[PDB]
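Encoded as structure tokens, the structure appears first; notes follow it.
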Amino acid sequence: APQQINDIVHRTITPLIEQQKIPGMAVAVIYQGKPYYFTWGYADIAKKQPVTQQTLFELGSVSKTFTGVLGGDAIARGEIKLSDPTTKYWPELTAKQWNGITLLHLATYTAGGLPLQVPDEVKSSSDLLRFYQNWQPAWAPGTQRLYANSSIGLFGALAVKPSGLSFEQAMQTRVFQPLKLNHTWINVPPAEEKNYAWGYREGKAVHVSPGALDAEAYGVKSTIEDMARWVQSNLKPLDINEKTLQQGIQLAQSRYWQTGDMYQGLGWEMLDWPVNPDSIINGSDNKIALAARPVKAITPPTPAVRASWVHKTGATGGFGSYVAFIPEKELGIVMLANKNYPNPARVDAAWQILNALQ
Ligand SMILES: O=C(O)Cc1cccc(NS(=O)(=O)c2cccc(Cl)c2O)c1
């Protein structure tokens, strides 16, 4: 890699790993289109396995960017419309609060206060039906944003219903395979378990627990190489040969809602470039990111703006991830760690690296 990339990456990540006590970390920088990879530390402390470019990390909420693109692809295929009522795809959702809640509201956390977590008590799809039937919105649709796995998770499950495919099968055949994400998984196969890092929470090795809508909201595991390819695919969608996937990527980067200086896409979140770092750094703290905020509708949504900082943070119990890119500069970064450390430390590190390279 160009020494300037090496210099900025090492000077930024080495102190981060020390301050945050991160067992293992992988970073990719995309710079003038090409990827540069960096790895530190341990995927498995007990078995002394190092992090490599083939290590699988839990992406957590970065999985929502795949869900948003997969939904976008279903729109481009004509299988669904974001303007469709939720009840078009789940007719048993007869409770009156669902009148007026569309797939767009589900995809963008604006249905009216669907909760962050699906309750652990919910297992079967009849448990899920009961949960959504009994849920009482705090707000009218399209008035406030509350980040929610129960919101975008339901969007992902419903968006693939016309295809007849399971969510995992739609994701594999329509997103992973066309993009050659051949080491990206919803369920890690036995053959790849040797590469699956452990997460670390309070010093204990942990993996993500099963839960309802987990595949749709936080289910993806991936390598730093596949994630750099994911970023390149989102940086330059028009290089993608499959036409509905190309349009689906663009739909996921459209600006549907505004709160503060942040715009909500499908999975992705965006700010105007150039950004105020304090705005994305403080804004990524869960005290802001997970809070209830009024939104202004973008009527009609703005198509993907090249002069944007596009990003997503992600966590599981044992992992912390971050992806960001600037299409106008052909610049991007992926940070994958097997410890869940504070979001503002992630964004600060990413800002320092990308600002130095732009
Ligand atoms: O480890 C597990 O068993 C479950 C688990 C724990 C913690 C986070 C997640 N991922 S989440 O629900 O999607 C999410 C929620 C809020 C913020 C972020 Cl950044 C995020 O990723 C999943």
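Going by the structure tokens order, chains are called A, B, ..., each with residues numbered from 1, while ligands are numbered from 1 in the order shown.
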Go through the chains and note each residue within 6 Å of ligand 1, using only C-alpha atoms and all ligand atoms, then give the set as a count of residues only. 11
Apply DSSP to the backbone of this structure and, from region 34-281 of chain A, keep only the residues in helix (DSSP H, G or I); write these as a VMD selection string. chain A and resid 60 to 76 86 to 88 96 to 98 103 to 107 125 to 134 149 to 159 167 to 176 190 to 195 214 to 218 224 to 235 237 to 239 243 to 252 277 to 281
Show which residues sit within 7 Å of residue 322 (chain A), as a compact mmCIF listing (two decimals) with N, CA and C atoms, in the first residue's frame. Count only C-alpha atoms, and ignore same-chain residues fewer than 5 positions away.
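What landed in result37.txt:
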# COMPACT_ATOMS: atom_id res chain seq x y z
N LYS A 312 -22.63 3.13 8.14
CA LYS A 312 -23.45 2.33 9.04
C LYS A 312 -22.54 1.77 10.13
N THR A 313 -22.94 1.95 11.38
CA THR A 313 -22.30 1.25 12.49
C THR A 313 -23.04 -0.06 12.76
N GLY A 314 -22.34 -0.99 13.39
CA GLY A 314 -22.96 -2.26 13.70
C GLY A 314 -22.33 -2.86 14.93
N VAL A 334 -13.63 0.02 5.91
CA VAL A 334 -14.31 -1.00 6.70
C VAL A 334 -13.48 -1.28 7.94
N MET A 335 -14.12 -1.29 9.10
CA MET A 335 -13.47 -1.63 10.36
C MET A 335 -14.27 -2.73 11.05
N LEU A 336 -13.64 -3.88 11.26
CA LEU A 336 -14.27 -5.05 11.88
C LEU A 336 -13.46 -5.43 13.10
N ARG A 346 -15.10 4.47 16.89
CA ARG A 346 -15.06 3.95 15.53
C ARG A 346 -15.08 5.08 14.51
Spatial neighbours of region 153-167 of chain A, max dist 9 Å, only C-alpha atoms, sep filter under 2 positions, as a ChimeraX atom specification: /A:64,67-68,70-72,74-75,79-81,86,89-90,103-107,148-151,169-172,212-218
All residues 12 Å or closer to residue 93 (chain A), only C-alpha atoms, same chain fewer than 4 positions away omitted, as a list in words: residues 85, 86, 87, 88, 89, 97, 98, 99, 101, 126, 128, 129, 130, 131, 132, 133, 134 and 135 of chain A
Print the selection's residues with N, CA and C atoms to a file, as a compact mmCIF listing (two decimals), in the first residue's frame.
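Heads up, here's the output in again_14.txt:
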# COMPACT_ATOMS: atom_id res chain seq x y z
N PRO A 85 -49.00 -0.82 1.30
CA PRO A 85 -49.28 -1.08 2.72
C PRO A 85 -48.67 -2.39 3.18
N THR A 86 -48.25 -2.41 4.45
CA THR A 86 -47.71 -3.63 5.03
C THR A 86 -48.69 -4.79 4.89
N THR A 87 -49.98 -4.50 5.01
CA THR A 87 -50.99 -5.55 4.97
C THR A 87 -51.12 -6.20 3.59
N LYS A 88 -50.62 -5.57 2.53
CA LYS A 88 -50.60 -6.23 1.23
C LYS A 88 -49.78 -7.52 1.27
N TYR A 89 -48.71 -7.57 2.08
CA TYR A 89 -47.86 -8.75 2.15
C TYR A 89 -48.08 -9.58 3.40
N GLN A 97 -54.20 -0.15 13.80
CA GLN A 97 -53.02 0.72 13.79
C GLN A 97 -52.16 0.50 12.56
N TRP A 98 -52.35 -0.61 11.84
CA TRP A 98 -51.53 -0.88 10.66
C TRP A 98 -52.03 -0.15 9.42
N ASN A 99 -53.25 0.38 9.46
CA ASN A 99 -53.74 1.25 8.39
C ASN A 99 -52.78 2.41 8.20
N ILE A 101 -49.53 2.22 7.46
CA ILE A 101 -48.11 1.90 7.63
C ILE A 101 -47.64 1.13 6.40
N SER A 126 -46.44 -17.17 14.43
CA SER A 126 -47.67 -16.80 15.11
C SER A 126 -47.41 -15.94 16.34
N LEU A 128 -44.90 -13.87 16.33
CA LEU A 128 -44.58 -12.60 15.68
C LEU A 128 -45.85 -11.86 15.28
N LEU A 129 -46.81 -12.57 14.68
CA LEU A 129 -48.08 -11.95 14.34
C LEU A 129 -48.73 -11.32 15.56
N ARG A 130 -48.73 -12.05 16.67
CA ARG A 130 -49.36 -11.54 17.88
C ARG A 130 -48.66 -10.29 18.37
N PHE A 131 -47.32 -10.30 18.33
CA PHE A 131 -46.53 -9.15 18.74
C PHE A 131 -46.90 -7.91 17.95
N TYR A 132 -46.91 -8.01 16.62
CA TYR A 132 -47.22 -6.84 15.79
C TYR A 132 -48.69 -6.44 15.89
N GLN A 133 -49.59 -7.40 16.05
CA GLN A 133 -51.01 -7.09 16.22
C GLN A 133 -51.24 -6.29 17.49
N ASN A 134 -50.55 -6.66 18.57
CA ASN A 134 -50.79 -6.05 19.86
C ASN A 134 -49.98 -4.78 20.07
N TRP A 135 -49.02 -4.52 19.20
CA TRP A 135 -48.17 -3.33 19.32
C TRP A 135 -48.99 -2.06 19.14
